[PDB]
$ cat work-v5.txt   # compact mmCIF, C-alpha atoms and all ligand atoms
# COMPACT_ATOMS: atom_id res chain seq x y z
CA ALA I 1 29.29 5.56 -0.35
CA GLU I 2 27.20 7.35 -3.09
CA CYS I 3 23.57 5.99 -2.85
CA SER I 4 23.68 4.13 0.47
CA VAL I 5 24.78 4.44 4.07
CA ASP I 6 25.52 1.88 6.76
CA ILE I 7 24.31 3.00 10.26
CA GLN I 8 24.78 1.38 13.71
CA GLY I 9 22.90 1.63 17.01
CA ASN I 10 24.56 0.24 20.15
CA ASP I 11 23.86 -0.68 23.82
CA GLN I 12 24.73 2.99 24.66
CA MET I 13 21.70 4.27 22.62
CA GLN I 14 23.92 6.05 20.14
CA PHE I 15 23.91 6.09 16.35
CA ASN I 16 27.46 6.11 14.86
CA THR I 17 26.65 9.30 12.91
CA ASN I 18 24.25 12.18 13.35
CA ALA I 19 24.28 13.32 9.64
CA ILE I 20 23.31 11.66 6.28
CA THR I 21 23.74 13.25 2.88
CA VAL I 22 21.67 11.90 0.00
CA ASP I 23 23.19 12.78 -3.44
CA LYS I 24 20.45 14.00 -5.83
CA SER I 25 21.98 12.09 -8.77
CA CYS I 26 20.59 8.95 -6.92
CA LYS I 27 17.34 7.40 -8.06
CA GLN I 28 17.23 5.50 -4.76
CA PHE I 29 18.77 5.71 -1.36
CA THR I 30 19.54 2.73 0.93
CA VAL I 31 20.15 2.73 4.69
CA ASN I 32 21.71 -0.47 6.10
CA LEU I 33 21.04 -0.50 9.89
CA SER I 34 22.89 -2.86 12.27
CA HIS I 35 23.14 -3.47 16.07
CA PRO I 36 26.71 -4.25 17.31
CA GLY I 37 25.47 -4.28 20.92
CA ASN I 38 24.58 -7.31 23.09
CA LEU I 39 21.02 -6.53 24.16
CA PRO I 40 17.76 -7.64 22.45
CA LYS I 41 14.90 -5.65 20.69
CA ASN I 42 12.67 -5.41 23.81
CA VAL I 43 15.29 -3.64 25.98
CA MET I 44 17.63 -2.06 23.39
CA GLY I 45 15.78 -1.96 20.05
CA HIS I 46 16.75 0.57 17.38
CA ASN I 47 15.00 1.48 14.23
CA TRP I 48 15.87 4.07 11.55
CA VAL I 49 12.93 6.40 10.77
CA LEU I 50 12.73 9.33 8.28
CA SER I 51 10.38 12.36 8.48
CA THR I 52 10.56 16.14 7.99
CA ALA I 53 12.10 17.94 10.98
CA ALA I 54 8.61 19.41 11.82
CA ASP I 55 7.05 15.91 12.12
CA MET I 56 9.80 14.16 14.12
CA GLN I 57 8.46 14.85 17.63
CA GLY I 58 4.93 13.84 16.68
CA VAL I 59 6.24 10.61 15.12
CA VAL I 60 8.31 9.74 18.16
CA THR I 61 5.54 10.54 20.64
CA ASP I 62 2.92 8.42 18.89
CA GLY I 63 5.53 5.75 18.14
CA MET I 64 6.81 5.33 21.71
CA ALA I 65 3.12 5.23 22.69
CA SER I 66 2.41 2.39 20.13
CA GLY I 67 4.47 -0.22 21.92
CA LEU I 68 6.80 -3.08 21.12
CA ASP I 69 4.15 -5.14 19.26
CA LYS I 70 3.90 -2.32 16.65
CA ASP I 71 7.74 -1.77 16.46
CA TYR I 72 7.11 1.62 18.21
CA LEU I 73 5.40 3.27 15.24
CA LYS I 74 1.88 4.61 14.96
CA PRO I 75 0.18 2.34 12.38
CA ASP I 76 -0.99 4.37 9.35
CA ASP I 77 1.50 7.22 10.07
CA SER I 78 1.67 9.25 6.83
CA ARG I 79 4.47 11.47 8.37
CA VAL I 80 6.90 8.60 8.08
CA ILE I 81 8.82 8.90 4.74
CA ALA I 82 10.71 5.58 5.11
CA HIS I 83 11.76 3.33 8.02
CA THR I 84 13.46 0.09 8.93
CA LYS I 85 12.08 -2.46 11.29
CA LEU I 86 13.08 -2.47 14.98
CA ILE I 87 16.28 -4.46 15.58
CA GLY I 88 18.10 -5.90 18.62
CA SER I 89 21.70 -7.23 19.07
CA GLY I 90 23.15 -8.96 16.02
CA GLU I 91 20.13 -8.28 13.79
CA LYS I 92 20.18 -6.09 10.67
CA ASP I 93 17.71 -4.48 8.24
CA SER I 94 17.95 -2.24 5.24
CA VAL I 95 15.51 0.15 3.67
CA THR I 96 15.61 1.51 0.10
CA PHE I 97 13.49 4.55 -0.84
CA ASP I 98 13.03 6.80 -3.89
CA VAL I 99 15.04 10.00 -3.72
CA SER I 100 11.90 11.64 -5.30
CA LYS I 101 10.26 11.44 -1.80
CA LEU I 102 12.74 14.19 -0.71
CA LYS I 103 12.91 17.78 -1.92
CA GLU I 104 16.14 19.96 -1.98
CA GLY I 105 16.12 22.78 0.55
CA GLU I 106 13.68 20.78 2.72
CA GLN I 107 14.63 19.82 6.27
CA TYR I 108 14.59 16.14 7.33
CA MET I 109 15.55 14.13 10.39
CA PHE I 110 16.29 10.48 10.87
CA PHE I 111 15.66 9.00 14.29
CA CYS I 112 14.86 5.98 16.45
CA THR I 113 11.50 5.60 18.18
CA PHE I 114 12.41 3.01 20.81
CA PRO I 115 11.71 4.46 24.33
CA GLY I 116 15.20 4.34 25.86
CA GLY I 117 14.89 6.98 28.58
CA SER I 118 18.27 8.48 27.58
CA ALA I 119 18.42 11.50 25.19
CA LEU I 120 16.56 10.92 21.81
CA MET I 121 18.54 9.09 19.02
CA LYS I 122 18.47 11.38 15.96
CA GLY I 123 20.37 13.06 13.15
CA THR I 124 19.94 15.30 10.12
CA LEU I 125 19.18 14.05 6.60
CA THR I 126 19.92 16.35 3.65
CA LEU I 127 19.19 16.16 -0.14
CA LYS I 128 22.08 17.83 -2.04
CU CU A 201 17.57 3.44 19.03
CU CU A 202 5.74 1.69 7.88
$ encode --input "work-v5.txt" --output "structure tokens" --more "lines below"
Ligand SMILES: [Cu+2]
Ligand SMILES: [Cu+2]
Amino acid sequence: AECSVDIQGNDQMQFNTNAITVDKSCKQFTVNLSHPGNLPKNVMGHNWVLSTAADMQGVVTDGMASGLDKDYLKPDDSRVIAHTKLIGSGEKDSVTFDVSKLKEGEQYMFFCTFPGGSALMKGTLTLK
């Protein structure tokens, strides 16, 4: 509440929300990601990744293609605004980023890059 948000990914490849609002009074924003499932990183990993809506597909494609040993992200990917590490059951990670990286009126998406086979894990992120 206010300048943070706690998000979960499960064994059903779902995030517990598909929408994040960042208040513009915030100097920083923090995402606390957790995994209440039972399965490990290699089979059911989740990360939290931020990019503009235009860049999401590119990030996911090159990320899925980068493999487990890179946490499913293209190394040196400038399109990534912020991200957590890849987590499995019972693990957690948090990322804090400067609200200055976002611009009001601009369209952003948060998403996971783990190749699950099910429908892409994503949601909207808005600066207001
Ligand atoms: Cu995921
Ligand atoms: Cu990175």
$ residues_near_ligand --input "work-v5.txt" --ligand "ligand CU 202 (chain A)" --cutoff "9 Å" --atoms "all atoms listed in the file" --output "list in words"
residues 73, 74, 75, 76, 77, 78, 80, 81, 82, 83, 84 and 85 of chain I
$ write_last_selection --input "work-v5.txt" --atoms "C-alpha atoms" --output "PDB file, in the coordinates of the input"
ATOM      1  CA  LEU I  73       5.400   3.270  15.240  1.00  0.00           C
ATOM      2  CA  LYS I  74       1.880   4.610  14.960  1.00  0.00           C
ATOM      3  CA  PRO I  75       0.180   2.340  12.380  1.00  0.00           C
ATOM      4  CA  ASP I  76      -0.990   4.370   9.350  1.00  0.00           C
ATOM      5  CA  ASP I  77       1.500   7.220  10.070  1.00  0.00           C
ATOM      6  CA  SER I  78       1.670   9.250   6.830  1.00  0.00           C
ATOM      7  CA  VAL I  80       6.900   8.600   8.080  1.00  0.00           C
ATOM      8  CA  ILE I  81       8.820   8.900   4.740  1.00  0.00           C
ATOM      9  CA  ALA I  82      10.710   5.580   5.110  1.00  0.00           C
ATOM     10  CA  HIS I  83      11.760   3.330   8.020  1.00  0.00           C
ATOM     11  CA  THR I  84      13.460   0.090   8.930  1.00  0.00           C
ATOM     12  CA  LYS I  85      12.080  -2.460  11.290  1.00  0.00           C
TER      13      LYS I  85
END
$ closest_residue --input "work-v5.txt" --among "I:30, I:66, I:10, I:126" --to "residue 46 in chain I" --atoms "only C-alpha atoms"
I:10
$ closest_residue --input "work-v5.txt" --among "I:127, I:1, I:121, I:60" --to "residue 16 in chain I" --atoms "only C-alpha atoms"
I:121
$ closest_atom_pairs --input "work-v5.txt" --of "chain I" --to "ligand CU 201 (chain A)" --cutoff "12 Å" --atoms "only C-alpha atoms and all ligand atoms" --output "JSON lines"
{"residue": "I:7", "atom": "CA", "partner": "A:CU201", "partner_atom": "CU", "distance": 11.1}
{"residue": "I:8", "atom": "CA", "partner": "A:CU201", "partner_atom": "CU", "distance": 9.2}
{"residue": "I:9", "atom": "CA", "partner": "A:CU201", "partner_atom": "CU", "distance": 6.0}
{"residue": "I:10", "atom": "CA", "partner": "A:CU201", "partner_atom": "CU", "distance": 7.8}
{"residue": "I:11", "atom": "CA", "partner": "A:CU201", "partner_atom": "CU", "distance": 8.9}
{"residue": "I:12", "atom": "CA", "partner": "A:CU201", "partner_atom": "CU", "distance": 9.1}
{"residue": "I:13", "atom": "CA", "partner": "A:CU201", "partner_atom": "CU", "distance": 5.5}
{"residue": "I:14", "atom": "CA", "partner": "A:CU201", "partner_atom": "CU", "distance": 7.0}
{"residue": "I:15", "atom": "CA", "partner": "A:CU201", "partner_atom": "CU", "distance": 7.4}
{"residue": "I:16", "atom": "CA", "partner": "A:CU201", "partner_atom": "CU", "distance": 11.1}
{"residue": "I:33", "atom": "CA", "partner": "A:CU201", "partner_atom": "CU", "distance": 10.5}
{"residue": "I:34", "atom": "CA", "partner": "A:CU201", "partner_atom": "CU", "distance": 10.7}
{"residue": "I:35", "atom": "CA", "partner": "A:CU201", "partner_atom": "CU", "distance": 9.4}
{"residue": "I:37", "atom": "CA", "partner": "A:CU201", "partner_atom": "CU", "distance": 11.2}
{"residue": "I:39", "atom": "CA", "partner": "A:CU201", "partner_atom": "CU", "distance": 11.7}
{"residue": "I:40", "atom": "CA", "partner": "A:CU201", "partner_atom": "CU", "distance": 11.6}
{"residue": "I:41", "atom": "CA", "partner": "A:CU201", "partner_atom": "CU", "distance": 9.6}
{"residue": "I:42", "atom": "CA", "partner": "A:CU201", "partner_atom": "CU", "distance": 11.2}
{"residue": "I:43", "atom": "CA", "partner": "A:CU201", "partner_atom": "CU", "distance": 10.2}
{"residue": "I:44", "atom": "CA", "partner": "A:CU201", "partner_atom": "CU", "distance": 7.0}
{"residue": "I:45", "atom": "CA", "partner": "A:CU201", "partner_atom": "CU", "distance": 5.8}
{"residue": "I:46", "atom": "CA", "partner": "A:CU201", "partner_atom": "CU", "distance": 3.4}
{"residue": "I:47", "atom": "CA", "partner": "A:CU201", "partner_atom": "CU", "distance": 5.8}
{"residue": "I:48", "atom": "CA", "partner": "A:CU201", "partner_atom": "CU", "distance": 7.7}
{"residue": "I:49", "atom": "CA", "partner": "A:CU201", "partner_atom": "CU", "distance": 9.9}
{"residue": "I:60", "atom": "CA", "partner": "A:CU201", "partner_atom": "CU", "distance": 11.2}
{"residue": "I:64", "atom": "CA", "partner": "A:CU201", "partner_atom": "CU", "distance": 11.2}
{"residue": "I:71", "atom": "CA", "partner": "A:CU201", "partner_atom": "CU", "distance": 11.4}
{"residue": "I:72", "atom": "CA", "partner": "A:CU201", "partner_atom": "CU", "distance": 10.6}
{"residue": "I:84", "atom": "CA", "partner": "A:CU201", "partner_atom": "CU", "distance": 11.4}
{"residue": "I:85", "atom": "CA", "partner": "A:CU201", "partner_atom": "CU", "distance": 11.2}
{"residue": "I:86", "atom": "CA", "partner": "A:CU201", "partner_atom": "CU", "distance": 8.5}
{"residue": "I:87", "atom": "CA", "partner": "A:CU201", "partner_atom": "CU", "distance": 8.7}
{"residue": "I:88", "atom": "CA", "partner": "A:CU201", "partner_atom": "CU", "distance": 9.4}
{"residue": "I:89", "atom": "CA", "partner": "A:CU201", "partner_atom": "CU", "distance": 11.4}
{"residue": "I:110", "atom": "CA", "partner": "A:CU201", "partner_atom": "CU", "distance": 10.9}
{"residue": "I:111", "atom": "CA", "partner": "A:CU201", "partner_atom": "CU", "distance": 7.6}
{"residue": "I:112", "atom": "CA", "partner": "A:CU201", "partner_atom": "CU", "distance": 4.5}
{"residue": "I:113", "atom": "CA", "partner": "A:CU201", "partner_atom": "CU", "distance": 6.5}
{"residue": "I:114", "atom": "CA", "partner": "A:CU201", "partner_atom": "CU", "distance": 5.5}
{"residue": "I:115", "atom": "CA", "partner": "A:CU201", "partner_atom": "CU", "distance": 8.0}
{"residue": "I:116", "atom": "CA", "partner": "A:CU201", "partner_atom": "CU", "distance": 7.3}
{"residue": "I:117", "atom": "CA", "partner": "A:CU201", "partner_atom": "CU", "distance": 10.5}
{"residue": "I:118", "atom": "CA", "partner": "A:CU201", "partner_atom": "CU", "distance": 9.9}
{"residue": "I:119", "atom": "CA", "partner": "A:CU201", "partner_atom": "CU", "distance": 10.2}
{"residue": "I:120", "atom": "CA", "partner": "A:CU201", "partner_atom": "CU", "distance": 8.0}
{"residue": "I:121", "atom": "CA", "partner": "A:CU201", "partner_atom": "CU", "distance": 5.7}
{"residue": "I:122", "atom": "CA", "partner": "A:CU201", "partner_atom": "CU", "distance": 8.6}
{"residue": "I:123", "atom": "CA", "partner": "A:CU201", "partner_atom": "CU", "distance": 11.6}
$ atom_distance --input "work-v5.txt" --atom1 "CA of residue 107 in chain I" --atom2 "CA of residue 91 in chain I"
29.6 Å
$ atom_distance --input "work-v5.txt" --atom1 "CA of residue 63 in chain I" --atom2 "CA of residue 6 in chain I"
23.3 Å
$ atom_distance --input "work-v5.txt" --atom1 "CA of residue 102 in chain I" --atom2 "CA of residue 61 in chain I"
22.8 Å
$ closest_residue --input "work-v5.txt" --among "I:28, I:124, I:52, I:18" --to "residue 98 in chain I" --atoms "all atoms listed in the file"
I:28
$ closest_residue --input "work-v5.txt" --among "I:109, I:25, I:62, I:50" --to "residue 97 in chain I" --atoms "only C-alpha atoms"
I:50
$ closest_residue --input "work-v5.txt" --among "I:103, I:70, I:24, I:92" --to "residue 128 in chain I" --atoms "only C-alpha atoms"
I:24
$ residues_around --input "work-v5.txt" --residues "residue 79 in chain I" --least-positions-apart "4" --cutoff "8 Å" --atoms "all atoms listed in the file" --output "PDB file with C-alpha atoms, keeping the file's coordinate frame"
ATOM      1  CA  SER I  51      10.380  12.360   8.480  1.00  0.00           C
ATOM      2  CA  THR I  52      10.560  16.140   7.990  1.00  0.00           C
ATOM      3  CA  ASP I  55       7.050  15.910  12.120  1.00  0.00           C
ATOM      4  CA  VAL I  59       6.240  10.610  15.120  1.00  0.00           C
TER       5      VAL I  59
END
$ closest_residue --input "work-v5.txt" --among "I:2, I:100, I:106, I:20" --to "residue 54 in chain I" --atoms "only C-alpha atoms"
I:106
$ decode --input "work-v5.txt" --residues "range 34-47 of chain I" --atoms "N, CA, C and O atoms" --output "CSV table (one decimal), in the first residue's frame"
chain,number,residue,atom,x,y,z
I,34,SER,N,6.6,-13.3,-4.4
I,34,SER,CA,6.7,-14.6,-3.7
I,34,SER,C,6.2,-15.7,-4.5
I,34,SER,O,5.5,-15.5,-5.5
I,35,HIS,N,6.4,-17.0,-4.0
I,35,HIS,CA,6.0,-18.2,-4.8
I,35,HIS,C,5.3,-19.1,-3.7
I,35,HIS,O,6.0,-19.9,-3.1
I,36,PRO,N,4.0,-19.0,-3.6
I,36,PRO,CA,3.3,-19.9,-2.6
I,36,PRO,C,3.1,-21.3,-3.2
I,36,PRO,O,2.4,-22.2,-2.5
I,37,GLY,N,3.5,-21.6,-4.4
I,37,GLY,CA,3.4,-23.0,-4.9
I,37,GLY,C,4.3,-24.0,-4.2
I,37,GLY,O,4.9,-23.7,-3.2
I,38,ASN,N,4.4,-25.2,-4.8
I,38,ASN,CA,5.3,-26.3,-4.3
I,38,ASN,C,6.5,-26.6,-5.2
I,38,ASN,O,7.4,-27.3,-4.8
I,39,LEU,N,6.4,-26.2,-6.5
I,39,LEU,CA,7.4,-26.5,-7.5
I,39,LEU,C,8.6,-25.6,-7.6
I,39,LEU,O,8.5,-24.4,-7.3
I,40,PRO,N,9.8,-26.2,-7.9
I,40,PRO,CA,11.0,-25.3,-8.0
I,40,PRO,C,11.2,-24.5,-9.3
I,40,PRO,O,10.5,-24.8,-10.2
I,41,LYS,N,12.2,-23.6,-9.2
I,41,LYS,CA,12.6,-22.6,-10.3
I,41,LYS,C,12.6,-23.2,-11.7
I,41,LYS,O,12.2,-22.5,-12.7
I,42,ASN,N,13.2,-24.4,-11.9
I,42,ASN,CA,13.5,-25.0,-13.2
I,42,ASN,C,12.2,-25.5,-13.9
I,42,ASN,O,12.2,-25.6,-15.1
I,43,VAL,N,11.1,-25.7,-13.2
I,43,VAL,CA,9.9,-26.3,-13.7
I,43,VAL,C,8.7,-25.3,-13.5
I,43,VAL,O,7.8,-25.3,-14.3
I,44,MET,N,8.8,-24.4,-12.5
I,44,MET,CA,7.8,-23.4,-12.2
I,44,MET,C,8.3,-22.1,-11.7
I,44,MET,O,7.8,-21.5,-10.8
I,45,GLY,N,9.4,-21.6,-12.3
I,45,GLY,CA,10.0,-20.3,-11.9
I,45,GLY,C,9.1,-19.2,-12.4
I,45,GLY,O,8.4,-19.3,-13.4
I,46,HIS,N,9.1,-18.1,-11.6
I,46,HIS,CA,8.4,-16.8,-11.9
I,46,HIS,C,9.4,-15.7,-11.6
I,46,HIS,O,10.2,-15.8,-10.7
I,47,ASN,N,9.4,-14.8,-12.5
I,47,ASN,CA,10.1,-13.5,-12.2
I,47,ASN,C,9.0,-12.4,-12.4
I,47,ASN,O,7.9,-12.7,-12.9
